[PDB]
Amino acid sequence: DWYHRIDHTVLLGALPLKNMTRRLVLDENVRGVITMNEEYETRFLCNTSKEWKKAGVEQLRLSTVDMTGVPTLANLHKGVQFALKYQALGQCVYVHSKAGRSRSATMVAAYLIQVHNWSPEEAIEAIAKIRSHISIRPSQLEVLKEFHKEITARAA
């Protein structure tokens, strides 16, 4: 409920509390973390970059302008390539935001688009089958369509 495994590499969830570190690292084999959050959101509640590293995981932090939670294309590619790095290692990646409903769902959708060449709607549908309460905003949907375009153009 707090989080869901999406595939063999990626998990999608809400803020990772410090007491969840052992479960994520040991049980879920999480060795990378993508933090779709602002500093004021993760302060106190989450591992710092250093605390993550001490626990055996590399943190990647990505921000957005407002509460509609829309990442730039650049941050999308950065995030996806990060996830792909750990996939190649046979290791897992915890992709999170505050609620694991929107900003993080968008990041996971981008990863799925890249991995399967799925459309944004197909990617979103796949996530929703597993994590019911996700919420993609129209602005988030549009950047995902742009991402799919770049992925496809690149493949040509």
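Numbers for residues come from their place in the sequence shown, where the first is 1.
*Would you mind comparing 68-76 and 81-89 for me and telling me which has the higher average C-alpha temperature factor in the entry?*
The entry gives the higher C-alpha B-factor average to 68-76.
*asked:* Tell me which stretch, 17-25 or 133-141, has the higher mean Cα B-factor listed in the entry.
replied: Result: 133-141.
*Among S63, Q59, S102, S119, where is the Cα temperature factor highest, going by the PDB entry?*
In the PDB entry, the greatest C-alpha B-factor among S63, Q59, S102, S119 is found at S63.
*Identity of residue with top Cα B-factor, from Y111, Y94, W52, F44*: Largest recorded C-alpha B-factor: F44.
*Using the B-factors in the PDB entry, rank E125's C-alpha atom against the chain and give the third, lowest, middle or highest.*
Its C-alpha B-factor belongs to the highest third of this chain's values.
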